$ cat model_8.cif   # mmCIF, C-alpha atoms
data_upload
loop_
_atom_site.label_atom_id
_atom_site.label_comp_id
_atom_site.auth_asym_id
_atom_site.auth_seq_id
_atom_site.Cartn_x
_atom_site.Cartn_y
_atom_site.Cartn_z
CA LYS P 1 93.97 123.41 89.76
CA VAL P 2 96.17 120.88 91.56
CA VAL P 3 94.75 118.11 93.75
CA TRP P 4 96.99 115.96 95.94
CA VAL P 5 95.52 112.45 95.80
CA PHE P 6 96.44 110.18 98.72
CA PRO P 7 95.83 106.46 98.10
CA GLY P 8 95.82 103.61 100.59
CA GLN P 9 97.11 100.10 99.94
CA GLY P 10 98.81 98.67 96.86
CA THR P 11 101.78 101.07 97.00
CA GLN P 12 103.94 99.06 99.42
CA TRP P 13 106.90 96.85 98.51
CA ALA P 14 110.13 95.64 100.07
CA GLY P 15 112.42 98.59 100.68
CA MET P 16 109.98 101.50 100.70
CA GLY P 17 112.50 104.32 100.41
CA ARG P 18 115.94 102.97 101.32
CA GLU P 19 117.54 104.64 98.31
CA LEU P 20 115.24 107.64 98.75
CA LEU P 21 116.15 107.88 102.43
CA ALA P 22 119.85 107.56 101.62
CA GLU P 23 119.87 110.27 98.95
CA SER P 24 117.16 112.74 99.99
CA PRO P 25 118.28 114.75 103.04
CA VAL P 26 115.01 116.60 103.63
CA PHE P 27 112.97 113.40 103.39
CA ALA P 28 115.41 111.70 105.75
CA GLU P 29 115.15 114.37 108.44
CA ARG P 30 111.37 114.52 108.04
CA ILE P 31 110.96 110.75 108.40
CA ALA P 32 113.25 110.83 111.44
CA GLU P 33 111.00 113.52 112.90
CA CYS P 34 107.84 111.47 112.32
CA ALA P 35 109.51 108.37 113.76
CA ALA P 36 110.31 110.40 116.87
CA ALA P 37 106.68 111.57 116.92
CA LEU P 38 105.48 107.98 116.40
CA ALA P 39 107.83 106.61 119.07
CA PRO P 40 105.29 106.57 121.99
CA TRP P 41 103.33 103.82 120.24
CA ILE P 42 105.76 101.76 118.13
CA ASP P 43 107.53 98.54 119.05
CA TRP P 44 109.94 98.53 116.09
CA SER P 45 112.17 100.83 114.02
CA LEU P 46 110.66 102.94 111.24
CA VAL P 47 113.98 103.39 109.43
CA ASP P 48 114.58 99.63 109.54
CA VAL P 49 111.24 98.66 108.00
CA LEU P 50 111.14 101.44 105.40
CA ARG P 51 114.54 100.25 104.16
CA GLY P 52 113.11 96.76 103.68
CA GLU P 53 114.13 94.96 106.86
CA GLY P 54 110.83 94.24 108.65
CA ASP P 55 107.49 92.52 108.05
CA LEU P 56 105.37 93.83 105.18
CA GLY P 57 102.50 91.59 106.28
CA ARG P 58 102.24 93.36 109.64
CA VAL P 59 99.37 95.81 109.24
CA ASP P 60 100.01 98.02 112.28
CA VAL P 61 103.54 98.49 110.94
CA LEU P 62 102.90 98.97 107.23
CA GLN P 63 100.00 101.39 107.73
CA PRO P 64 102.01 103.76 109.98
CA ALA P 65 104.94 103.17 107.62
CA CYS P 66 102.79 104.11 104.63
CA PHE P 67 101.60 107.21 106.50
CA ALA P 68 105.16 108.18 107.38
CA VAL P 69 106.56 107.76 103.87
CA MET P 70 103.51 109.67 102.63
CA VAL P 71 104.37 112.56 104.95
CA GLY P 72 107.96 112.40 103.72
CA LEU P 73 106.90 112.58 100.08
CA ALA P 74 104.55 115.47 100.89
CA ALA P 75 107.46 117.31 102.51
CA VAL P 76 109.56 116.58 99.41
CA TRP P 77 106.88 118.09 97.19
CA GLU P 78 106.78 121.06 99.55
CA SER P 79 110.53 121.47 99.04
CA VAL P 80 110.04 121.93 95.29
CA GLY P 81 107.36 124.46 96.19
CA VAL P 82 104.22 122.70 94.98
CA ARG P 83 101.19 124.44 96.49
CA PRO P 84 98.26 121.99 96.77
CA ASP P 85 95.07 123.75 95.69
CA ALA P 86 93.13 120.80 97.11
CA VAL P 87 94.01 117.68 99.09
CA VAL P 88 91.98 114.46 99.12
CA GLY P 89 92.81 111.01 100.46
CA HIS P 90 91.64 107.42 100.05
CA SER P 91 90.46 105.65 103.22
CA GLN P 92 93.53 105.33 105.43
CA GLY P 93 95.41 107.83 103.27
CA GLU P 94 92.69 110.35 104.12
CA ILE P 95 94.44 110.67 107.49
CA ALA P 96 97.47 111.97 105.62
CA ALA P 97 95.04 114.26 103.80
CA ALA P 98 93.99 115.57 107.20
CA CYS P 99 97.63 115.85 108.27
CA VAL P 100 99.05 118.01 105.48
CA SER P 101 95.99 120.10 104.55
CA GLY P 102 96.27 122.00 107.83
CA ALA P 103 93.19 120.32 109.32
CA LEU P 104 95.24 118.21 111.76
CA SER P 105 98.51 118.37 113.63
CA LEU P 106 101.25 115.97 112.57
CA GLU P 107 101.49 114.53 116.09
CA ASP P 108 97.72 114.13 116.30
CA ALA P 109 97.62 112.49 112.86
CA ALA P 110 100.42 110.10 113.83
CA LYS P 111 98.60 109.22 117.05
CA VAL P 112 95.33 108.63 115.19
CA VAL P 113 96.87 106.44 112.50
CA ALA P 114 98.85 104.45 115.08
CA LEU P 115 95.74 103.79 117.16
CA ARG P 116 93.66 102.88 114.11
CA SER P 117 96.30 100.46 112.82
CA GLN P 118 96.68 98.91 116.27
CA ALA P 119 92.92 98.44 116.62
CA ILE P 120 92.45 96.90 113.18
CA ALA P 121 95.41 94.62 113.86
CA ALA P 122 93.99 93.47 117.19
CA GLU P 123 90.51 92.96 115.71
CA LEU P 124 90.20 92.82 111.92
CA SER P 125 92.67 89.97 111.38
CA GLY P 126 91.28 87.02 109.44
CA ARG P 127 87.84 88.44 108.63
CA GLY P 128 87.80 89.20 104.90
CA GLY P 129 89.59 90.76 101.96
CA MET P 130 89.28 92.94 98.88
CA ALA P 131 88.15 91.80 95.44
CA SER P 132 88.84 94.28 92.65
CA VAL P 133 86.05 94.18 90.05
CA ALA P 134 86.20 95.91 86.65
CA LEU P 135 82.41 96.19 86.54
CA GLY P 136 79.92 98.97 87.12
CA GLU P 137 78.32 99.58 90.49
CA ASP P 138 74.89 98.66 89.13
CA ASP P 139 76.34 95.51 87.56
CA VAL P 140 78.04 94.64 90.85
CA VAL P 141 74.76 95.21 92.69
CA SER P 142 73.04 92.86 90.24
CA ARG P 143 75.87 90.39 90.86
CA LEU P 144 75.94 91.11 94.61
CA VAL P 145 75.57 87.90 96.63
CA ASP P 146 74.82 87.92 100.36
CA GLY P 147 77.64 88.73 102.75
CA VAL P 148 79.40 90.99 100.22
CA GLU P 149 79.49 94.79 100.27
CA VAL P 150 81.09 97.22 97.84
CA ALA P 151 84.26 98.37 99.59
CA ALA P 152 84.50 101.45 97.36
CA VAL P 153 83.47 102.91 94.02
CA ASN P 154 86.17 104.64 91.99
CA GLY P 155 84.73 104.99 88.49
CA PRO P 156 82.01 103.99 86.03
CA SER P 157 83.25 100.39 86.11
CA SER P 158 85.90 100.39 88.89
CA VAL P 159 84.40 98.77 91.99
CA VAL P 160 86.24 97.23 94.93
CA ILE P 161 84.17 94.85 97.06
CA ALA P 162 84.74 93.26 100.46
CA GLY P 163 83.10 90.70 102.70
CA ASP P 164 83.51 87.32 104.31
CA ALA P 165 86.14 85.25 102.53
CA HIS P 166 83.66 82.45 101.78
CA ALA P 167 81.17 84.80 100.12
CA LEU P 168 84.04 86.45 98.24
CA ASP P 169 85.16 83.04 96.98
CA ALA P 170 81.63 82.18 95.87
CA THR P 171 81.25 85.50 94.05
CA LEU P 172 84.64 85.07 92.37
CA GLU P 173 83.67 81.55 91.29
CA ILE P 174 80.49 82.85 89.67
CA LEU P 175 82.50 85.67 88.06
CA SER P 176 85.00 83.18 86.62
CA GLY P 177 82.07 81.13 85.36
CA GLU P 178 80.92 84.32 83.65
CA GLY P 179 84.53 84.97 82.60
CA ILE P 180 84.85 88.63 83.61
CA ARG P 181 88.01 90.36 84.84
CA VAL P 182 88.17 90.22 88.65
CA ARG P 183 91.15 89.96 90.99
CA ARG P 184 91.86 89.29 94.65
CA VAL P 185 93.90 91.32 97.14
CA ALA P 186 96.07 89.50 99.68
CA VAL P 187 94.62 91.22 102.76
CA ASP P 188 93.08 89.37 105.71
CA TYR P 189 90.20 91.69 106.64
CA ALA P 190 87.05 93.03 104.98
CA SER P 191 87.19 96.69 105.94
CA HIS P 192 84.32 99.13 105.37
CA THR P 193 81.80 96.36 106.04
CA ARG P 194 79.62 95.11 108.89
CA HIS P 195 82.81 94.04 110.67
CA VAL P 196 83.57 97.72 111.27
CA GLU P 197 80.33 97.83 113.27
CA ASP P 198 81.97 95.54 115.86
CA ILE P 199 84.84 97.66 117.23
CA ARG P 200 83.04 101.00 117.42
CA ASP P 201 83.61 101.48 121.16
CA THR P 202 87.38 101.00 121.08
CA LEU P 203 87.84 103.38 118.15
CA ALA P 204 85.62 105.99 119.83
CA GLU P 205 87.58 105.67 123.08
CA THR P 206 90.97 105.92 121.37
CA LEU P 207 90.36 108.84 118.98
CA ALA P 208 89.34 111.25 121.73
CA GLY P 209 90.34 114.84 122.38
CA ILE P 210 91.79 115.46 118.91
CA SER P 211 92.57 119.08 118.03
CA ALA P 212 90.73 119.08 114.70
CA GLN P 213 91.41 122.62 113.52
CA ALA P 214 90.20 124.23 110.31
CA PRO P 215 91.87 122.91 107.13
CA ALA P 216 94.52 125.26 105.78
CA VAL P 217 94.08 123.58 102.39
CA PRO P 218 90.47 122.81 101.38
CA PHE P 219 89.64 119.14 101.92
CA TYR P 220 86.92 117.41 99.90
CA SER P 221 85.98 114.39 102.00
CA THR P 222 84.55 111.30 100.32
CA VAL P 223 82.72 110.34 103.52
CA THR P 224 80.42 113.31 102.89
CA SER P 225 81.65 113.86 99.31
CA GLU P 226 81.75 117.49 100.37
CA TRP P 227 84.18 120.29 101.15
CA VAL P 228 85.14 120.76 104.80
CA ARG P 229 85.37 124.33 106.10
CA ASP P 230 85.06 123.85 109.87
CA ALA P 231 87.26 122.96 112.84
CA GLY P 232 86.40 119.96 114.99
CA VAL P 233 83.83 118.49 112.61
CA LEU P 234 86.39 115.92 111.41
CA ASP P 235 86.50 113.88 114.62
CA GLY P 236 87.32 110.34 115.67
CA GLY P 237 83.73 109.45 114.83
CA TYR P 238 84.40 110.77 111.34
CA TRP P 239 87.39 108.45 111.05
CA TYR P 240 85.25 105.56 112.27
CA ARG P 241 82.71 106.43 109.58
CA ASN P 242 85.48 106.55 106.98
CA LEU P 243 86.63 103.10 108.12
CA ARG P 244 82.94 102.08 107.99
CA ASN P 245 81.20 103.94 105.17
CA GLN P 246 82.05 103.26 101.54
CA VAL P 247 84.30 105.52 99.48
CA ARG P 248 82.71 107.32 96.53
CA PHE P 249 86.07 107.90 94.88
CA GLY P 250 84.57 108.15 91.39
CA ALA P 251 81.94 110.61 92.58
CA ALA P 252 84.65 112.60 94.36
CA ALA P 253 86.72 112.74 91.17
CA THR P 254 83.71 113.83 89.12
CA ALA P 255 82.94 116.56 91.66
CA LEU P 256 86.54 117.77 91.59
CA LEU P 257 86.42 117.80 87.78
CA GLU P 258 83.82 120.52 87.25
CA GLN P 259 85.33 122.55 90.11
CA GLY P 260 88.32 123.40 87.89
CA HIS P 261 90.68 120.82 89.40
CA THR P 262 92.66 119.12 86.62
CA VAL P 263 96.26 118.46 87.72
CA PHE P 264 95.99 115.32 89.87
CA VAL P 265 99.00 113.76 91.60
CA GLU P 266 98.97 110.27 93.14
CA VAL P 267 101.53 110.56 95.93
CA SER P 268 102.69 106.99 96.54
CA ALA P 269 105.59 104.60 96.06
CA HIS P 270 103.63 102.81 93.32
CA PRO P 271 100.88 104.08 90.99
CA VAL P 272 97.53 102.59 92.00
CA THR P 273 94.91 105.30 91.39
CA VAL P 274 96.52 106.53 88.16
CA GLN P 275 94.28 104.59 85.77
CA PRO P 276 90.87 104.64 87.58
CA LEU P 277 91.17 108.43 87.37
CA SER P 278 92.97 108.76 84.03
CA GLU P 279 90.27 106.80 82.21
CA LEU P 280 87.89 109.46 83.57
CA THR P 281 90.12 112.43 82.76
CA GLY P 282 93.63 111.44 81.67
CA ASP P 283 95.35 114.03 83.89
CA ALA P 284 96.97 111.84 86.55
CA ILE P 285 100.66 111.78 87.48
CA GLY P 286 102.37 109.22 89.68
CA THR P 287 105.19 109.67 92.17
CA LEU P 288 107.19 106.42 92.34
CA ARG P 289 107.01 102.85 91.05
CA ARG P 290 107.50 99.41 92.58
CA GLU P 291 111.22 98.61 92.95
CA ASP P 292 111.83 102.08 91.47
CA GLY P 293 112.57 104.02 94.64
CA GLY P 294 115.62 105.54 92.99
CA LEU P 295 115.90 109.27 92.55
#
$ encode --input "model_8.cif" --output "structure tokens"
Amino acid sequence: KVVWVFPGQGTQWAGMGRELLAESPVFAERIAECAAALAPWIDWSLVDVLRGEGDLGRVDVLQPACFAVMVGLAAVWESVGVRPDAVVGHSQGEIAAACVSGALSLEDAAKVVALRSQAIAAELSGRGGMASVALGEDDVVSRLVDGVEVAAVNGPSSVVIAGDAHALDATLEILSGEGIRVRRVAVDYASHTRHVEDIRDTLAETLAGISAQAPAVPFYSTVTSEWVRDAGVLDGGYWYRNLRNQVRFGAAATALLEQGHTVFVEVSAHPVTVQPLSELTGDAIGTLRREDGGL
């Protein structure tokens, strides 16, 4: 059974799909359509930035850009007639999961992602970052210093953590003293932490009146780690929780395993979730690679 896996960050690079946009006609018309749909809230050109002519450090541009190229790739996979048995996202990418699984309208999804990116840009800037840790969740908890929270869990030993930059630096220093493999991510906000508990009102106000219909394709949410079979349950509050609550990506993958789902596709411009799922199962296929946007 085929599961469309939608990641978040780590798949962006200069010139998202310039070659892909030039060669693929269906992707080009689809991305033009989304740019038209995203027009009421942009202050730049989608086609310009996706071709590698804007600012990749601008979060409220890259995140809608990532969403738009994700929709384009999903349309491309639809062209070759790939029927997704299940669709699951990863944090921000979960919005795309809501968009294509029939649980949300494309215009509503574009509106939601635009508002979320704008809010996190106006607020989250300069408040933390991600540290990737190749250690188990229990080991991380043992190593957990104050001010640090596990951003997400993706496997037996794949844990991403987030928090205040000072606490992250202290934890990384102790890790280096212990000499264990840990890396930093060049992002200026600690999402899915206590910081998310600061902009609740604005997010609630923005994501209002969304036509959350029933998912055409079953959606296994990691916020509940559960299948969604209802219309309207996945609300703006749910997206706030997703931005707030941690992602049990490893638990989600394990749940999808015994449910007969084997063929897993990481739709992205660069493989990021290929290995933290392949080490669990080995059945993970990427879509594109960094600087490899060619056909």
$ closest_atom_pairs --input "model_8.cif" --of "segment 186-249 of chain P" --to "segment 78-87 of chain P" --cutoff "7 Å" --atoms "all atoms listed in the file" --output "Markdown table"
| residue | atom | partner | partner_atom | distance |
| --- | --- | --- | --- | --- |
| P:217 | CA | P:86 | CA | 6.0 |
| P:218 | CA | P:86 | CA | 5.4 |
| P:219 | CA | P:87 | CA | 5.4 |
$ resolve_selection --input "model_8.cif" --expression "the PyMOL selection byres ((chain P and resi 97) around 12)" --output "PDB file with C-alpha atoms, in the frame of the given file"
ATOM      1  CA  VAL P   3      94.750 118.110  93.750  1.00  0.00           C
ATOM      2  CA  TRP P   4      96.990 115.960  95.940  1.00  0.00           C
ATOM      3  CA  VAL P   5      95.520 112.450  95.800  1.00  0.00           C
ATOM      4  CA  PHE P   6      96.440 110.180  98.720  1.00  0.00           C
ATOM      5  CA  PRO P   7      95.830 106.460  98.100  1.00  0.00           C
ATOM      6  CA  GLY P   8      95.820 103.610 100.590  1.00  0.00           C
ATOM      7  CA  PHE P  67     101.600 107.210 106.500  1.00  0.00           C
ATOM      8  CA  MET P  70     103.510 109.670 102.630  1.00  0.00           C
ATOM      9  CA  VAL P  71     104.370 112.560 104.950  1.00  0.00           C
ATOM     10  CA  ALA P  74     104.550 115.470 100.890  1.00  0.00           C
ATOM     11  CA  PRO P  84      98.260 121.990  96.770  1.00  0.00           C
ATOM     12  CA  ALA P  86      93.130 120.800  97.110  1.00  0.00           C
ATOM     13  CA  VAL P  87      94.010 117.680  99.090  1.00  0.00           C
ATOM     14  CA  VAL P  88      91.980 114.460  99.120  1.00  0.00           C
ATOM     15  CA  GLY P  89      92.810 111.010 100.460  1.00  0.00           C
ATOM     16  CA  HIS P  90      91.640 107.420 100.050  1.00  0.00           C
ATOM     17  CA  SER P  91      90.460 105.650 103.220  1.00  0.00           C
ATOM     18  CA  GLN P  92      93.530 105.330 105.430  1.00  0.00           C
ATOM     19  CA  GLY P  93      95.410 107.830 103.270  1.00  0.00           C
ATOM     20  CA  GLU P  94      92.690 110.350 104.120  1.00  0.00           C
ATOM     21  CA  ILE P  95      94.440 110.670 107.490  1.00  0.00           C
ATOM     22  CA  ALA P  96      97.470 111.970 105.620  1.00  0.00           C
ATOM     23  CA  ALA P  98      93.990 115.570 107.200  1.00  0.00           C
ATOM     24  CA  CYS P  99      97.630 115.850 108.270  1.00  0.00           C
ATOM     25  CA  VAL P 100      99.050 118.010 105.480  1.00  0.00           C
ATOM     26  CA  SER P 101      95.990 120.100 104.550  1.00  0.00           C
ATOM     27  CA  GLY P 102      96.270 122.000 107.830  1.00  0.00           C
ATOM     28  CA  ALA P 103      93.190 120.320 109.320  1.00  0.00           C
ATOM     29  CA  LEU P 104      95.240 118.210 111.760  1.00  0.00           C
ATOM     30  CA  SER P 105      98.510 118.370 113.630  1.00  0.00           C
ATOM     31  CA  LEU P 106     101.250 115.970 112.570  1.00  0.00           C
ATOM     32  CA  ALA P 109      97.620 112.490 112.860  1.00  0.00           C
ATOM     33  CA  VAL P 113      96.870 106.440 112.500  1.00  0.00           C
ATOM     34  CA  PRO P 215      91.870 122.910 107.130  1.00  0.00           C
ATOM     35  CA  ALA P 216      94.520 125.260 105.780  1.00  0.00           C
ATOM     36  CA  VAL P 217      94.080 123.580 102.390  1.00  0.00           C
ATOM     37  CA  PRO P 218      90.470 122.810 101.380  1.00  0.00           C
ATOM     38  CA  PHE P 219      89.640 119.140 101.920  1.00  0.00           C
ATOM     39  CA  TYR P 220      86.920 117.410  99.900  1.00  0.00           C
ATOM     40  CA  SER P 221      85.980 114.390 102.000  1.00  0.00           C
ATOM     41  CA  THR P 222      84.550 111.300 100.320  1.00  0.00           C
ATOM     42  CA  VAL P 228      85.140 120.760 104.800  1.00  0.00           C
ATOM     43  CA  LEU P 234      86.390 115.920 111.410  1.00  0.00           C
ATOM     44  CA  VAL P 267     101.530 110.560  95.930  1.00  0.00           C
TER      45      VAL P 267
END
$ closest_residue --input "model_8.cif" --among "P:112, P:144, P:170, P:284" --to "residue 237 of chain P" --atoms "all atoms listed in the file"
P:112
$ closest_residue --input "model_8.cif" --among "P:196, P:166, P:69, P:233" --to "residue 287 of chain P" --atoms "all atoms listed in the file"
P:69
$ atom_distance --input "model_8.cif" --atom1 "atom CA of residue 291 of chain P" --atom2 "atom CA of residue 45 of chain P"
21.2 Å
$ axis_aligned_box --input "model_8.cif" --around "segment 92-99 of chain P" --padding-each-side "8 Å" --output "lines of an AutoDock Vina configuration file"
center_x = 95.2
center_y = 110.6
center_z = 105.8
size_x = 20.9
size_y = 26.5
size_z = 21.0
$ resolve_selection --input "model_8.cif" --expression "the PyMOL selection byres ((chain P and resi 149) around 10)" --output "VMD selection string"
chain P and resid 140 to 141 144 to 148 150 to 152 160 to 164 168 190 to 194 246
$ closest_residue --input "model_8.cif" --among "P:59, P:231, P:280, P:35" --to "residue 155 of chain P" --atoms "all atoms listed in the file"
P:280
$ resolve_selection --input "model_8.cif" --expression "the PyMOL selection byres ((chain P and resi 36) around 12)" --output "PyMOL selection string"
chain P and resi 29-35+37-42+44-47+68+106-107+110-111
$ write_last_selection --input "model_8.cif" --atoms "C-alpha atoms" --output "mmCIF file, in the coordinates of the input"
data_model
loop_
_atom_site.group_PDB
_atom_site.id
_atom_site.type_symbol
_atom_site.label_atom_id
_atom_site.label_comp_id
_atom_site.auth_asym_id
_atom_site.auth_seq_id
_atom_site.Cartn_x
_atom_site.Cartn_y
_atom_site.Cartn_z
ATOM 1 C CA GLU P 29 115.150 114.370 108.440
ATOM 2 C CA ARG P 30 111.370 114.520 108.040
ATOM 3 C CA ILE P 31 110.960 110.750 108.400
ATOM 4 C CA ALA P 32 113.250 110.830 111.440
ATOM 5 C CA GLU P 33 111.000 113.520 112.900
ATOM 6 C CA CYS P 34 107.840 111.470 112.320
ATOM 7 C CA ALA P 35 109.510 108.370 113.760
ATOM 8 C CA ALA P 37 106.680 111.570 116.920
ATOM 9 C CA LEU P 38 105.480 107.980 116.400
ATOM 10 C CA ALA P 39 107.830 106.610 119.070
ATOM 11 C CA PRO P 40 105.290 106.570 121.990
ATOM 12 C CA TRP P 41 103.330 103.820 120.240
ATOM 13 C CA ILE P 42 105.760 101.760 118.130
ATOM 14 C CA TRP P 44 109.940 98.530 116.090
ATOM 15 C CA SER P 45 112.170 100.830 114.020
ATOM 16 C CA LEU P 46 110.660 102.940 111.240
ATOM 17 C CA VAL P 47 113.980 103.390 109.430
ATOM 18 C CA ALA P 68 105.160 108.180 107.380
ATOM 19 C CA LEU P 106 101.250 115.970 112.570
ATOM 20 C CA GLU P 107 101.490 114.530 116.090
ATOM 21 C CA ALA P 110 100.420 110.100 113.830
ATOM 22 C CA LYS P 111 98.600 109.220 117.050
#
$ closest_residue --input "model_8.cif" --among "P:294, P:10, P:72, P:169" --to "residue 274 of chain P" --atoms "all atoms listed in the file"
P:10
$ closest_residue --input "model_8.cif" --among "P:115, P:270, P:139, P:133" --to "residue 240 of chain P" --atoms "only C-alpha atoms"
P:115
$ atom_distance --input "model_8.cif" --atom1 "atom CA of residue 232 of chain P" --atom2 "atom CA of residue 244 of chain P"
19.5 Å
$ atom_distance --input "model_8.cif" --atom1 "atom CA of residue 278 of chain P" --atom2 "atom CA of residue 258 of chain P"
15.2 Å
$ closest_residue --input "model_8.cif" --among "P:182, P:207, P:252, P:26" --to "residue 223 of chain P" --atoms "all atoms listed in the file"
P:252
